[PDB]
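Below you will find one chain, with nothing else, as structure tokens; this is the form deposited in one PDB entry, and questions on how it binds or moves follow later.
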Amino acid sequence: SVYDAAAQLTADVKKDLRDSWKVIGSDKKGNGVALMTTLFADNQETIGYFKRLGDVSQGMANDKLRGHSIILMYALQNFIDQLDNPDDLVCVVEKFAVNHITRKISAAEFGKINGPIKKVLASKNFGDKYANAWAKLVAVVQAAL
């Protein structure tokens, strides 16, 4: 359930999430496009879903992909800001879950973002500790799918 998943975000997890978000959230365009191109390069089978964004190999030059990527980083901004209150974190998680359920994205396929996040964190010198904290936040969205 989303409520049990949300209960796993302990004080330490929340701390690691905010501390890493301080660094990767400072460049939403850059790290957002980085997240997306790493997803597509590492998991080429997901590109079919992003048919509306056109030629994703163009990266930053693709205006629809740049728009999409910035907006995705504000969804993560939103989750970080709701960590104090689990009732609000769950209702924004469930709204974004609906946007993925209508695109037929399963929990397993949503989980493919963990690889990209681990990599962008590692290029900013945030290791496995931080990648695991973010995997727990992704798990809250997965519970809603």
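Residue numbers here begin at 1 and follow the sequence given.
Absent from the display: the form deposited with a small molecule bound. The rest refers to it.
- Message: Although the partner isn't part of this model, could you tell me whether residue 35 comes within 4.5 Å of the small molecule in the entry with it bound, counting any heavy atom of the residue?
- Response: Residue 35: yes, in contact with the small molecule in the entry with it bound.
- Item | Non-hydrogen atom contact residue 89 with the small molecule in the entry with it bound at 4.5 angstroms | Outside the cut-off, so no.
- Item | Distance check, residue 120 to the small molecule in the entry with it bound, heavy atom within 4.5 Å | Residue 120: contacts the small molecule in the entry with it bound.
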